[PDB]
Amino acid sequence: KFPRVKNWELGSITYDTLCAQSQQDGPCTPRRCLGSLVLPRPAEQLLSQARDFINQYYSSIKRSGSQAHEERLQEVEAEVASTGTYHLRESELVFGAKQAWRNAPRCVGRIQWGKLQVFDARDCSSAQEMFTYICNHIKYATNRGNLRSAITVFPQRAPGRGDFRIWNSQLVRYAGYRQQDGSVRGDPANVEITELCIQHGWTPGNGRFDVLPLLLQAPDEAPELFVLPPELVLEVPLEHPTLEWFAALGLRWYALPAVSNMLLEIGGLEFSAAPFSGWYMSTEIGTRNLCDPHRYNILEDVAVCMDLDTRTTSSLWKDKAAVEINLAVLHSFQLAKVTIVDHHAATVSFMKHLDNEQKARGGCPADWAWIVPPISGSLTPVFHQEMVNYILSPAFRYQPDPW
Amino acid sequence: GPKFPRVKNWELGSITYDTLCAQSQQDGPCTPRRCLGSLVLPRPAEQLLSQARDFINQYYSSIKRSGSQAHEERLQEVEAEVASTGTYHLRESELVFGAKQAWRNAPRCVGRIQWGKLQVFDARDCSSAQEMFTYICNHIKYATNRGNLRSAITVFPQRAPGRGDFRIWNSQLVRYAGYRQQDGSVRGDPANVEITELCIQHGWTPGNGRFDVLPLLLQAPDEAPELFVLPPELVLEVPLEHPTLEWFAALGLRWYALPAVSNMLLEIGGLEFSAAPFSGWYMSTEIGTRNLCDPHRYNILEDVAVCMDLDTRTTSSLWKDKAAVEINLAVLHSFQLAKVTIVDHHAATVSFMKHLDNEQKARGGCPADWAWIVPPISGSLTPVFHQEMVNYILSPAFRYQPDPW
Ligand code: HEM
Ligand code: HEM
Ligand SMILES: Cc1cc(N)nc(CCCCCCCc2cc(C)cc(N)n2)c1
Ligand SMILES: Cc1cc(N)nc(CCCCCCCc2cc(C)cc(N)n2)c1
Ligand SMILES: C[C@H](O)[C@H](O)[C@H]1CNc2nc(N)[nH]c(=O)c2N1
Ligand SMILES: C[C@H](O)[C@H](O)[C@H]1CNc2nc(N)[nH]c(=O)c2N1
Ligand SMILES: [Zn+2]
């Protein structure tokens, strides 16, 4: 029943009892494990999720069983029975957004989970208003380089109508221009959204790092285009501490990682637009975004500049170039005084987080493949830590693209 | 599409469906409620016969004589034997097939493109610890082949009805001693502190170096294990140096040529071969990243970083990553110089991708454990990081077995 969880570096063992609180099945069965897959393939039920969430909330404020708790359960029940749905109080929304983050198995930054600014944007009625709230978020979160975690929550999905959606996958994305000869200029991850923006009327540039406009959608309307004011998108030019030519690569990344296409589920209610942001771990930029062969793919270029023997894998040219690029990212963010965390510091804080959650809740859902960094895995303590992965609610969830 | 798991490569965009998993007859540790894929060790008569029939069907399929008269006579032969003895025995060619298939089936092995090239030594006539030692030395000589390594397994008698097992007590044929110190630190390999102490309890005179090769504790049915020293000339080792950092050689680090697992159970058609040591060649990260840099192994990162004059006082200098790369390069360079077979993690993962394609066509899938397949440095720089994998247990199989003591 309750899995034993061992750390193989220290020999310490815990038991996950928190997983018993899971109500949603993942993709694994006793016949086969699907844990490396990136994606998975009525009133009575809303009422149970609603009730369980309100119980979660009153328990957190230590008022479990109180008058307030009972009356609030009655409101929820009365509202659902009459209308087939309900609405959260602001404080409940705040609690549920933090819990969704806390519950996120793929997030290595969860030590921070209790520190989240929640902007309530549920009184939004147009793409125009969405834009204003998004700019306020960016400005707040960016804070001239001293980044602060934030979420803005737009109106929940409703039975009658279409969703509020932000089409872009992040608030900040560089264009990817598909070229005649089949290559890509810019970020190949963003080809499709770049073509959408143009098709909806954007005048495209032709750089490797052109910031995309937002396509914002109010219910049952065509999305609208909105150019972010350049002054709101903080960027960091990349340079290397000792390698002078590196700056000459013209590389850069944006300060603010802000995910904008995930669904936030709290107590059975769904928030189809609820962008959220923290600060980056350097390997996201230095390893994945710049070195993935299907991303900016700069490994070779960097290795030649370093004059490495590129002819053979056993010279470890890829490994050496990747280290330097990661170093350049850390250096430059430090130089520009913009919050960043390296993969060693981040995984150490995650280990402290596991221990906190063990005491607090008796476990912590974690996806080992996503937690362990993409370079130097076993040099970080999380590589040696067993982890149990399961879905708790409140949750952030993947949702299909709106087009 | 199909009612089998969809498997995607996020680098290339390509998709397959694993149909092979339908052949799995044994449950792993995961359920719909929670994934336990990251756990290292998760916790007959009519049963034997059904496993035997399945294995014999597998054998006859592989030789394309499925449904044939020889196929039906063999099945009858197996149940007759089980009917009268409670057990049965494999033909030589059945053993060779099952051993290769146990390797092909191993989800944690990245080297499986080589699975068809395994020399299977049949040692099922062995009846003493002394003879086990001879067989093991022959295995070591054949497999080592003066640095031109050749994959091999040697198979000792199977488990039998309430008669004791053949066991090799050591986890590998080559292991460096780990000596517990008066201050609680370890000299040598901390992985091997228990077996080192077991060797001394059984009469071994200990050394005091960081790289003392252990003797073997070999157990024949119903006897106490006996101790055997490997002739030093049989254990090929590689002194580590670095191609440009001249001081690395002065560190006195080394590793042995032959990775030879000796404590796993080989299961074929319900038969259990408790002693069946097998060996291949190393992927360089196993030595240079894990064995040398794990904090709970030789733990050399800080020493190397100090020699490289790195800033070890702050995580963000990436001193750990820089030192680990150089140590891996030293491992590769030293083995190449010594002419001892080794494969780096780029070339190994690339060959594992080819393996996956071959197996897609041949069997409809390939059981693979993503956390074990992805190397412990430079993970996402290798093509396997971007490749989804389905993990499931097929038989024949290599299985972990409890330590004999
Ligand atoms: C405070 C700084 C934070 C750091 C350093 C951090 C770290 C990370 C990293 C490295 C990833 C993997 C990203 C990738 O591989 O593409 C990630 C994923 C994720 N994080 Fe965080 N995180 C932070 C804050 C947040 C916040 C504020 C939230 C939401 C309130 C959040 C929720 C998530 C979710 C839901 C994922 C998985 C996304 C997916 O499945 O696509 N994180 N985190
Ligand atoms: C030919 C060269 C080979 C290479 C490069 C190779 C590579 C590897 C690596 C890197 C591991 C993970 C070890 C660790 O992290 O400690 C492994 C595990 C494994 N390999 Fe191979 N392998 C090779 C040959 C073999 C052979 C000949 C067999 C058996 C016939 C084999 C069966 C296994 C098994 C059963 C495991 C899992 C061990 C466990 O769970 O403890 N491999 N392999
Ligand atoms: C198909 C698919 C599914 C899925 N769940 N996720 C993805 C892409 C994941 C992109 C997330 C990248 C943003 C990560 C992030 C978010 C935050 C808030 C902080 C931080 N340091 N990093 C694709
Ligand atoms: C507790 C535990 C369980 C388990 N299944 N496995 C382990 C790890 C044992 C380490 C296995 C070392 C395999 C080394 C090897 C073996 C072969 C044949 C080739 C090659 N390159 N490497 C521990
Ligand atoms: C196939 C595999 O699951 C996939 O490549 C995962 C591996 N681990 C990851 N880990 C993080 N943090 N982010 C990722 O995108 C991925 N990709
Ligand atoms: C907890 C975790 O499963 C454990 O540290 C695993 C991770 N991946 C591994 N991968 C390989 N090849 N070898 C290992 O010993 C491990 N250890
Ligand atoms: Zn699983």
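Order of the sequence lines fixes the chain letters, A, B, ..., with proteins taken first and strands second; residue numbering starts at 1 for each chain.
Comparing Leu381(B), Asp321(B), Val350(B) by how many heavy-atom pairs each has under 4.5 Å with chain A, the most go to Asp321(B). Annotation: maximal heavy-atom pairing with chain A below 4.5 Å, among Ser316(B), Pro190(B), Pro42(B), occurs at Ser316(B).
If you measure heavy-atom distances from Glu324(A) to chain B, the contacts under 4.5 Å come from the side chain alone. Contact of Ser315(A) with chain B is made through the backbone alone, with heavy-atom distances under 4.5 Å. Contacts of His331(A) with chain B are absent, with no heavy-atom separation under 4.5 Å from either backbone or side chain. The parts of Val40(B) that come within reach of chain A are both its backbone and its side chain, each placing non-hydrogen atoms under 4.5 angstrom from that chain. When heavy atoms are compared at a cutoff of 4.5 Å, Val372(A) does not approach chain B at all. If you measure heavy-atom distances from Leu37(A) to chain B, the contacts under 4.5 Å come from both the backbone and the side chain. With a 4.5 angstrom heavy-atom cutoff, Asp25(A) touches chain B via backbone and side-chain atoms both.
The closest side-chain heavy-atom distance from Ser378(B) to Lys318(A) is not below 4.5 Å. Residues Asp294(B) and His384(A) form a side-chain contact, since some pair of their non-hydrogen atoms from C-beta on lies under 4.5 Å apart.
For the pair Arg33(B) (side chain) and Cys19(A) (backbone), a donor-acceptor distance under 3.5 Å is absent. In terms of modelled atom types and a separation under 3.5 Å, the side chain of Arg41(A) and the main chain of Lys3(B) share no donor-acceptor contact.
For residues 299-309 of chain A, heavy-atom neighbours of chain B at less than 4.5 Å comprise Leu299(A), sorted by residue number.
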